[PDB]
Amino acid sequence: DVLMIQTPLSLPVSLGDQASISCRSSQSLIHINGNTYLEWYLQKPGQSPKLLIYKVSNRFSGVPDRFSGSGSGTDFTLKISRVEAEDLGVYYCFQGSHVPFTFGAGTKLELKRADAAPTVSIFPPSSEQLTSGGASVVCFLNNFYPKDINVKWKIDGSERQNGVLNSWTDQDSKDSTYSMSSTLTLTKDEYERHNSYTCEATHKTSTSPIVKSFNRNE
């Protein structure tokens, strides 16, 4: 199958900088009619994609001149000379030279900012859930950068990976940080078996892990 490899999957850039996204194909995209049907599209969150560039280098109507495309055969590059905030989004390359037509995995153009350690908050099960029969311990890791982070739950000093569900937000629209939640759901009985519940995070901002913890004795 014709494969479109995009580099990189995530492209942190500062505003007003130059961005370069590479797209390489498993086979030449030069159709037997002479045209190379390689197109670049952009998708913003909660929006249908928008055609940026068609036929390697031609710009669609309304596309700013800061977007340009180049390449040939199997190697192609999209280039943004000076990134404005309106360019933040997900860029896909696409080939229309061989059926089935294929897309790249995408490249997330996001905003670079100063590193920030996460604010960690741990929450024990509410009495309502306990009377309902379950016990969910919640851990919030708010406003950190970069997004690369790891979370570990520890119950009475022993790590538990079972019963854990994680979720991550995208970049914040107002401070450009990331936030994560980690929820450990247990039966009320296993919650009452143990006393100490610990949520610890590893992030590049600190050599030590950021630990929040509570003991079941209120």
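A residue's number is simply how far along the shown sequence it sits, counting from 1.
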With B-factors read from the PDB entry, the higher C-alpha mean of 78-86 and 94-102 is in 78-86
Split the chain's modelled residues into thirds by Cα B-factor; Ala114 lands in the highest
Taking the chain's C-alpha temperature factors as the reference, tell me which third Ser25 falls into: lowest, middle or highest.
middle
Sort the modelled residues of this chain by their C-alpha B factor and say whether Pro49 lands in the lowest, middle or highest third.
highest
How does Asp189 rank on Cα B-factor within its chain, lowest, middle or highest third?
middle
CA B-factor placement of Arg160, once the chain's modelled residues are sorted into thirds:
lowest
